[PDB]
Amino acid sequence: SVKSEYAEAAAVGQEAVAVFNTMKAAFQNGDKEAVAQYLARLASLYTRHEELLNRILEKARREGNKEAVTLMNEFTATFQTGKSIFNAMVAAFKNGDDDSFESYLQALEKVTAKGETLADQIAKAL
């Protein structure tokens, strides 16, 4: 069901959260070879999550679930903000700009924390 596909999508999202928090530690400790791997692992996790969210949204549209569609449109628009911050963070790592990498990391935490009451609302609306 769409609801189980959402639970699967949310788990993928939570793995990203876990790897992020590990990555952040590695950044603080100055372990760049670890950061590089975690950034690659997060990239593949975020691409997967984006694909599952687009399918959930498309299925809710085909099902005519107008509330779920509304909430998913808002939640995916936030997702595109988080991914933009993530990509810029990746570029700051390539460039060796630790000041920006710190700035982009905290922004991604706040944008993610904010978009959490909506994530719960979608679990109930589907």
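Residues numbered from 1 in each chain as written, not as in the entry; some residues may be left out. Heavy atoms only, no water.

Header annotation of the entry names X-ray crystallography as the structure determination method and lists the resolution as 1.3000 Å.

(A) Representation of the overall build of the chain within the structure. The helix and strand tally for the chain stands at five helices and zero strands. Moving toward the C terminus, one meets the helices and strands of the chain in the order α-α-α-α-α. Along the longest, intermediate and shortest principal axes, the C-alpha atoms of the chain span 50 × 20 × 20 Å. Taking all 126 residues of the chain together, the buried fraction comes to 37%. (Helix = DSSP H or I, 4+ residues; strand = E, 2+ residues; numbered from the N terminus. Buried < 20%, exposed > 50% of the residue type's maximum accessible area, 1.4 Å probe, protein only.)

(B) Region of interest: helix α4 (residues 98–114). Along its 17 residues, α4 runs 24 Å from first to last C-alpha, staying within 8% of the 24 Å computed at 1.5 Å per residue. For α4, the set of buried residues is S100, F101, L105 and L108. Across the axial projection of α4, the buried residues extend over an arc of 135 degrees, all falling on one side. Seen from the buried face of α4, the exposed residues on the opposite side, beyond 90 degrees, are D99, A113 and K114. Where α4 is buried, its residues contact α1 (2–28), α2 (32–62) and α3 (66–95). Here α4 starts with a cap whose side-chain oxygen sits 3.2 Å from the backbone nitrogen of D99, and that cap is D97. (Expected span 1.5 Å × (residues − 1). Arc of directions from axis to C-beta. Contact = heavy atoms within 4.5 Å. Polar contact = N/O pair within 3.5 Å; in protein donor to acceptor, adjacent residues only side chain to side chain.)

(C) Seen up close, the environment of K24. Positionally, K24 belongs in helix α1. Overall, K24 belongs to the partly exposed group, its relative accessible area being 26%. Residues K24 and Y38, 14 residues apart in the sequence, show an inter-C-alpha distance of 9.3 Å. Other than its neighbours up to four places away in sequence, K24 contacts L105 and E109. Reaching out from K24, the side chain makes a polar contact with the side chain of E109 at a distance of 3.0 Å.

(D) Representation of the nonpolar core. Membership of the largest hydrophobic core comes to 38 residues, with the highest contact counts inside it found for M23, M89 and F101. Only α1, α2, α3, α4 and α5 (117–125) provide two or more residues apiece to this core. The element best represented in this core is α2, accounting for eleven residues. Among all residues touching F101, those that are not within four sequence positions of it are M23, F27, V35, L39, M89, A92 and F93. (Core = buried A, V, L, I, M, F, W, Y, C linked by side-chain atoms within 4.5 Å.)

(E) Quick peek at the pattern of salt bridges. Under the criterion given, the structure shown has four salt bridges. Close ionic contact of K59 with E5 constitutes a salt bridge, the shortest N to O distance being 3.2 Å. One end of the pair, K59, is in helix α2; the other, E5, is in helix α1, and 54 residues separate them in sequence. Given a relative accessible area of 23%, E5 falls into the partly exposed group. As a salt-bridge pair, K83 and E50 come within 3.0 Å of each other at their nearest N and O atoms. Taken as a pair, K83 in helix α3 and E50 in helix α2 lie far apart in primary sequence, 33 residues in all. Under the relative-accessibility criterion, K83 is labelled partly exposed at 31%. Residue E50 is classed as buried on the basis of its relative accessible area, which comes to 18%. (Salt bridge = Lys/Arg side-chain N within 4 Å of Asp/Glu carboxyl O.)

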